[PDB]
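Each chain gets a letter, A, B and so on, in the order the sequences are listed, and its residues count up from 1. All values below were derived from every heavy atom in this structure, side-chain atoms included, with hydrogens, water molecules and symmetry-related copies excluded. When a ligand or atom number is given, it counts from 1 through the structure's own listing order.
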Amino acid sequence: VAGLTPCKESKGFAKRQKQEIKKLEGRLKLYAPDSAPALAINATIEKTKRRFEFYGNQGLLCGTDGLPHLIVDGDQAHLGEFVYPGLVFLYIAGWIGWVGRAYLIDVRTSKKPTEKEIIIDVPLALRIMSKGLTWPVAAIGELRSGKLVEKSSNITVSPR
Amino acid sequence: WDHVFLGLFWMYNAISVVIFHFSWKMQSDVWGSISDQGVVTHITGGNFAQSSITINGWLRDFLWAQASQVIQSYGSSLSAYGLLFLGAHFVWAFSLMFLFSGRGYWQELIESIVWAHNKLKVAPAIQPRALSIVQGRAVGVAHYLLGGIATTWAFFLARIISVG
Amino acid sequence: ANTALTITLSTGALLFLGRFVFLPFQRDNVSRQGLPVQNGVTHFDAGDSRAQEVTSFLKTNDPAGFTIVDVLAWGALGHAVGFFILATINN
Amino acid sequence: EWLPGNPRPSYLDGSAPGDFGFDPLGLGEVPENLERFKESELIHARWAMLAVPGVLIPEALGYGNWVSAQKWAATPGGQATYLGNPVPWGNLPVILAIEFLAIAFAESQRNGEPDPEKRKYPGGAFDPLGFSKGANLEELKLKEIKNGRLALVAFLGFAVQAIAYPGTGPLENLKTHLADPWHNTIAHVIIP
Amino acid sequence: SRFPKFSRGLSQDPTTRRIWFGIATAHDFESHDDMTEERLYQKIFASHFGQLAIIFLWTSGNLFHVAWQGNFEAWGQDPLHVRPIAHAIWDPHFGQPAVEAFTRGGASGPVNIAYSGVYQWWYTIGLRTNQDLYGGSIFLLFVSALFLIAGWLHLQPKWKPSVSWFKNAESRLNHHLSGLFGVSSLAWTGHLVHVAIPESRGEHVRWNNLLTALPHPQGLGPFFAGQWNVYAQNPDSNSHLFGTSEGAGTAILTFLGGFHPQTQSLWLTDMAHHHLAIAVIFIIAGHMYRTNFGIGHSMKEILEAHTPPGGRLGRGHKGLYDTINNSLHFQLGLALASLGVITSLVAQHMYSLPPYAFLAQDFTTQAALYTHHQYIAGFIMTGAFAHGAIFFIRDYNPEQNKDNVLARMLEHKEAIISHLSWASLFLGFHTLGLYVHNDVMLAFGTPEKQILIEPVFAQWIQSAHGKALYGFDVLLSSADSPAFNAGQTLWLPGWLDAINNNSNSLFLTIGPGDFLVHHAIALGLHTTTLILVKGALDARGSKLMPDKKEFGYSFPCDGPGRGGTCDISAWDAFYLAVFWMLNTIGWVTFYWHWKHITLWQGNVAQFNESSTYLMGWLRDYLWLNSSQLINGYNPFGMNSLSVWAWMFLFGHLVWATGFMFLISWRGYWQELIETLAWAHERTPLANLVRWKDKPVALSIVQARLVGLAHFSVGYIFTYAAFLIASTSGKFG
Amino acid sequence: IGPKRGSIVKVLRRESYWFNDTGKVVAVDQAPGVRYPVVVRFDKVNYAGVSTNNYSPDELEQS
Ligand code: CLA
Ligand SMILES: CC1=C(/C=C/C(C)=C/C=C/C(C)=C/C=C/C=C(C)/C=C/C=C(C)/C=C/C2=C(C)CCCC2(C)C)C(C)(C)CCC1
Ligand SMILES: CC1=C(/C=C/C(C)=C/C=C/C(C)=C/C=C/C=C(C)/C=C/C=C(C)/C=C/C2=C(C)CCCC2(C)C)C(C)(C)CCC1
Ligand SMILES: CC1=C(C/C=C(\C)CCC[C@H](C)CCC[C@H](C)CCCC(C)C)C(=O)c2ccccc2C1=O
Ligand code: SF4
């Protein structure tokens with residue numbers, strides 16, 4: 001796909017694993033083998049070897065630079081590069097957008113609506129932050145019932 | 001207040017040329033190493049007397065030659081100085097957004113954004129406003145001083161750590 | 001090949017379409033669109049002496065109103081199609 | 001009555017032949033657009049019902065499908081074999097100039113009718129067998145659009161079978177389907 | 001009635017502003033006093049003639065300097081190893097190193113090397129000697145003189161044309177499409193066939209042998225007999241050397257496609273056929289509208305009849321013909337929108353498909369010629385949008401445009417501005433977050449942790465063009481597509497050989513850095529469009545100030561009340577979007593110059609590894625290519641790039657000088673000039689000298705314009721210097 | 001005159017900040033010759049910081 005070799009069989013990706021441990025191994029040569037800063041570089045090497053063995057096992061595509069490239073078209077092999085964490089993101093981002101929208105409706109029908117935005121009512125906030133879990137069923141539910149959008153006759157419009 | 005605001009820029013100009021003259025003057029004529037038989041090799045050997053009289057020397061033998069350790073510090077311990085060098089350029093170019101612009105443009109752009117919020121019933125009761133003209137100048141001079149001072153901080157603390 | 005027959009038949013086909021087929025389609029559209037109009041008046045009515053529609057050149061003796069401009073328009077398409085055909089055949 | 005229980009819209013009352021109320025997107029909502037859509041649905045269908053015998057009967061008699069009998073014009077020499085016989089006047093500039101003259105004279109004479117009902121069903125010279133001047137008139141118009149929409153769906157089938165399976169024709173798609181019908185369906189096109 | 005005489009209200013100004021604004025309101029003809037329709041259109045018509053005369057008197061001096069002080073014949077003998085000379089230098093301030101260092105191209109003195117691609121152009125078109133360029137310079141002196149005579153003539157009352165002649169849009173479009181675009185491209189084709197093709201094939205065709213040198217072995221026989229393929233019978237082979245008779249063909253109108261294999265440039269037979277095609281189609285398209293003969297179109301009834309019956313476009317385009325025809329700013333904005341989209345189509349198609357001989361090999365010339373048309377196009381497009389704003393203030397009538405598409409743009413203008421704002425914010429967070437993320441991962445020692453996105457949509461389009469590098473194999477890269485089999489005998493043997501080559505710039509191999517900077521480009525166009533659509537649609541008024549139309553177009557502000565109304569005008573949105581076009585085209589030409597400066601010396605892996613993060617842009621492009629830029633002059637000595645080393649520093653002056661007008665504002669300088677006026681009025685021996693203009697500070701609109709123009713001059717000179725010193729000093 | 005005191009009205013004035021906004025009528029002037037008698041109070045301020053503005057009955061509808 002797109003002229004990119006897989007990273008498990010890429011010679012450039014294995015070259016970057018070789019020259020990263022060798023950079024960290026030469027950093028280890030000036031420390032005692034049981035010393036505290038040498039345990040951090042030894043944990044860095046095992047973090048590096050975990051990283052390169054994770055990138056090759058996920059079917060990542062590596063170019064001529066030896067670097068893993070993401071295919072965001074919507075490929076059946078490449079769902080976890082953009083499509084799977086994008087749907088994970090939009091669920092979380094729609095959770096932020098739904099509990100901030102539902103908080104403003106809950107404080108617009110209050111005695112002092114502007115004091116509830118500088119001082120956020122946490123019992124009112126936390127009872128709808130739980131309610132933002134099921135938000136695609138509540139956003140399209142408000143879209144189908146007409147409560148999501150406001151009619152243009154009740155919207156402040158600058159003159160022509 | 002606006003004279004304090006402009007004197008903050010002229011303090012940037014004054015103090016930045018002061019510390020630039022300092023860094024080049026002592027990297028060229030003071031700081032260095034002494035080998036055997038009393039020979040002194042400076043960091044940038046003797047180029048303050050000939051290159052710091054032209055702006056091309058200041059751009060070349062100071063702002064380009066000594067910035068050859070803040071930009072290739074990536075992948076090392078001094079790479080946070082490279083990151084804050086670039087992010088300091090970001091904060092400076094972010095300052096030029098607030099300094100060059102004015103309130104009424106941003107107020108009408110915020111009016112369009114408030115219309116998009118009114119369409120989806122997510123209008124806040126605290127009305128979104130553009131920053132004030134004194135506040136827009138304050139934000140611009142704060143990012144200008146922060147970004148430029150952090151640029152000089154990152155370049156200084158990468159160069160003289162690298163050659164020290 | 002056969003330039004003298006391909007051009008003549010293709011010009012005669014488009015002139016047959018211009019006189020008997022698309023002449024009610026063209027006469028309706030030059031009356032529905034009419035003369036070009038700026039600000040509610042004709043360009044000649046607004047003061048442009050060079051925008052006057054010619055009538056001696058448009059004075060036709062054809063019973064269906066098919067004038068020499070329509071000869072120069074439909075016959076131009078018959079040569080454009082006729083040289084489309086001759087270039088496609090000679091390949 | 002394209003969906004039992006569905007409320008038919010106000011612009012589709014049922015008095016039209018084939019008025020089953022099928023307009024979810026509301027394309028015929030404009031009244032003057034809807035009068036053009038009724039004379040467009042019938043010319044399309046009548047061309048489609050002149051096309052389904054023009055596809056299957058050349059294929060069932062063995063002179064190829066409607067694609068391989070159409071590729072001769074792109075070839076410099078195809079000779080225009082009709083019923084296994086090459087016609088002498090079957091050149092691409094010859095048969096296109098007749099088609100751009102004879103059909104264009106037919107379609108310009110068709111568009112000249114001011115009546116919005118004689119544009120739909122003209123009668124007279126186009127009805128020599130006198131079935132329009134008979135006892136049944138409403139059900140034959142319902143027969144026109146039910147047969148017509150079937151051939152309109154058929155020609156859509158005809159076209160997208162050639163895109164999905166190039167080099168094969170609709171009776172050859174029928175013969176491919178009649179052998180092992182549980183393996184070779186639209187799912188071969190949907191799932192590659 | 002002092003200067004300025006066109007505005008009475010500025011003539012009574014007793015300050016220096018009267019001197020300033022009269023320069024800047026000089027061509028705003030409709031804002032003048034005692035000013036009418038006829039004088040507007042006739043002064044604009046004679047100003048067009050003066051503009052044409054300036055363009056032709058410019059080309060005449062760019063031809064005279066090549067013919068006089070340039071080595072055009074020596075460049076014609078060897079276009080690969082001779083630098084093209086623009087003009088000689090006579091500077092009294094040169095020392096002997098500057099005279100000895102600017103002497104290039106085998107000249108007798110200090111000369112300037114031409115980076116405008118005029119030698120490549122004049123070579124490809126047929127000009128060979130200095131006498132031909134001199135004759136062209138005299139001919140265009142005559143043409144500019146004729147245009148000055150015609151400009152003076154149409155201001156005389158005998159030859160003054162009325163506004164009804166000026167607003168005749170149908171006749172103007174018919175004679176523009178037929179004459180300007182059709183008979184000039186057919187005239188061109190007659191040149192390219194008569195002169196440029198035989199001069200590429202060694203035959204010297206001039207005016208003395210125009211009627212004798214037959215362009216084809218059988219000329220004008222197969223044209224009128226229909227067999228046009230005789231004109232595509234014997235094309236130029238791949239062994240053809242340009243300008244020589246050996247290896248050449250006889251066909252004048254080929255359809256080969258691709259490139260000439262020796263020049264890496266387009267075939268003159270293809271460009272001749274290209275012009276015969278954009279000549280037949282423009283003369284045929286010029287018989288469209290109705291002028292004088294009964295047939296044709298009235299565009300008023302075309303726009304009236306183009307209303308969707310569902311009411312989604314309202315009244316459609318009803319009333320738009322009078323809206324364009326009465327508003328000169330609508331026509332000028334449409335012309336500049338089309339001109340920006342084609343000056344950018346010029347820039348994109350003369351680097352990838354080089355049209356002139358030995359232009360692809362000359363690298364810094366190609367870099368200049370891309371940056372030229374991308375900056376001239378980012379000022380022409382912003383002028384289009386600014387003129388849309390000026391149309392909405394001083395030319396848009398809401399009564400005439402009642403519920404049409406143009407009124408409905410004002411009806412939903414907050415939706416357009418807010419969705420351009422969302423798209424700009426999306427592109428900005430995503431492009432900045434991905435570049436800053438890739439910066440952090442190269443900083444943290446892990447290049448593999450970058451989010452690198454292969455631009456598979458544009459790579460799929462490149463494989464749709466015929467690039468077999470990515471292996472998509474859909475159409476024109478696979479042999480099973482009908483488009484390939486329809487093209488593989490016609491143009492694709494040239495095109496596939498041109499696009500599968502990796503040394504040229506035709507559809508380059510793109511990567512994750514290309515993806516990221518294309519989102520930078522989309523950020524730049526989207527945010528510039530955001531500010532400009534916001535200026536054009538909030539031109540008449542807004543919720544902060546509803547009467548912006550009654551304050552004119554370029555008014556400064558509306559006062560500190562109602563929170564503060566700085567930069568509220570539509571001119572100020574144009575002002576803020578000139579910074580955004582400068583940033584946009586800076587990103588575009590940074591990407592162009594670094595994608596090409598790594599292609600030309602071979603190591604495209606430097607761009608493929610370093611363009612994904614901004615420290616690679618700072619270090620491997622802005623710092624690495626500036627090595628021989630700022631060393632153009634040293635304490636040790638000076639090189640030939642020294643003028644480009646001064647012009648770089650010069651840009652850093654003027655740009656930063658703009659900050660003085662863009663940060664510091666008026667009343668500080670007004671009190672400063674008040675103290676200066678006291679000091680001059682009280683100083684002995686200097687009080688005797690008076691001013692007639694009262695010294696004031698620069699006014700607020702003038703301050704934004706002066707800072708913007710300084711910003712733009714510094715921005716174009718810092719990059720013209722860096723770009724013409726980091727490619728011409730390190731060729732490759 | 002006026003719709004009602006203490007009623008909810010929507011502003012039809014194009015150049016006001018509170019166009020298509022819900023406002024509460026606090027005072028209607030019954031003196032003749034007054035062009036803008038209806039005093040409408042709004043929950044949100046404008047850019048000048050005020051919420052009190054006078055409108056004609058032709059520029060308001062009951063909502
Ligand atoms: C056949 C008749 C004829 C022709 C030749 C023209 C010619 C012209 N008219 Mg004209 N006009 C005519 C009749 C004619 N008109 C009629 C009948 C009307 C009456 C309504 C008008 C009324 C009219 C008005 C009122 C105006 C014009 C103007 C112009 C000029 C256009 C501006 C210009 O020069 O840009 C030149 C443009 C081109 C050559 C087209 C190029 C197209 C794109 C942008 C470029 C593509 C070219 C190519 C890629 C570049 C390669 C070259 C590169 C290597 C250097 C041009 C000289 C204007 C002018 O300048 O007045 C002096 C003007 O004010 N005319
Ligand atoms: C029957 C009849 C008649 C007769 C008529 C006739 C005989 C006619 C003819 C007609 C004709 C005889 C016409 C023609 C026309 C022509 C034209 C009008 C042409 C044009 C051309 C063109 C324009 C072309 C173009 C081109 C070129 C030039 C080159 C390039 C390509 C092309 C092809 C495009 C009469 C009256 C007696 C009456 C009775 C009946
Ligand atoms: C405000 C205003 C204005 C302005 C505006 C502007 C300036 C705009 C712009 C806009 C623009 C500037 C746009 C452009 C566009 C373009 C386009 C839209 C294109 C497209 C294309 C196409 C679609 C094509 C197709 C294709 C392809 C893609 C590929 C293949 C080939 C073909 C050809 C097929 C004015 C003046 C009017 C006035 C009023 C107001
Ligand atoms: C951008 C800009 C603005 C607009 C600036 C604004 C609106 C400030 C934005 C502040 C933050 C980003 C919004 C408030 C954030 C809230 C705390 C909500 C949190 C949401 C996320 C940040 C988590 C001006 O008002 C202005 C005025 C005068 C000259 C120049 C300018 C100028 O350049
Ligand atoms: S004079 Fe300057 S500071 Fe005062 S309102 Fe106008 S733009 Fe703002």
Review point. Does the protein put a heavy atom under 4.0 Å from atom 7 (C) of ligand 4?
Key: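 Looking at atom 7 (C) of ligand 4, one finds that a protein heavy atom does lie closer than 4.0 Å.
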
Review point. Got a protein heavy atom sitting under 4.0 Å from atom 12 (C) of ligand 3?
Key: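 Under the 4.0 Å cut-off, atom 12 (C) of ligand 3 does have protein heavy-atom neighbours.
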
Name the closest protein heavy atom to [atom], giving the residue it belongs to and the distance to 0.1 Å.
atom	answer
atom 25 (O) of ligand 4	B:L131 N, 2.5 Å
atom 32 (C) of ligand 4	B:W106 NE1, 3.2 Å
atom 30 (C) of ligand 4	B:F98 O, 3.4 Å

Exercise for review: Determine whether the side chain, the backbone, both or neither of E:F392 has a heavy atom under 4.0 Å from any heavy atom of ligand 3.
Suggested key: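 For E:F392, only side-chain atoms sit under 4.0 Å from ligand 3.
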
Review point. For atom 3 (S) of ligand 5, which of E:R666, B:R103, B:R137 has the closest heavy atom?
Key: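 The residue whose heavy atom sits nearest atom 3 (S) of ligand 5 is B:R137.
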
Exercise for review: Determine, using ring centers only, whether E:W580 and E:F379 are less than 6.0 Å apart.
Suggested key: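 So the answer is no for these two rings.
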
Exercise for review: Report yes if the distance between the aromatic ring centroids of E:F711 and B:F100 is under 6.0 Å, otherwise no.
Suggested key: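 Aromatic pair counts; centres sit under 6.0 Å.
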
Exercise for review: State the atoms of ligand 4, each with its element, that fall below the 4.0 Å cut-off from a heavy-atom position in B:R103.
Suggested key: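 It comes down to these atoms of ligand 4: 27 (C), 28 (C).
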
Check your understanding: Counting heavy atoms only, which part of B:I110 comes closer than 4.0 Å to ligand 4: side chain, backbone, both or neither?
Key ->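 Answer for B:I110: side chain.
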
Which atoms from ligand 3 have a heavy atom of [X] less than 4.0 Å away?
X	answer
E:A384	7 (C)
E:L334	36 (C), 37 (C)
E:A337	7 (C)
E:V341	12 (C)

Review point. If you measure from each heavy atom of E:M381 to ligand 3, is any distance below 4.0 Å?
Key: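 Per 4.0 Å heavy-atom rule, E:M381 contacts ligand 3.
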
Practice item. Quick one: sort the F:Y47 and F:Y17 rings into parallel, tilted or perpendicular, breaks at 30° and 60°. Key: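 Because their plane-to-plane angle is over 60°, the rings of F:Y47 and F:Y17 count as perpendicular.
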
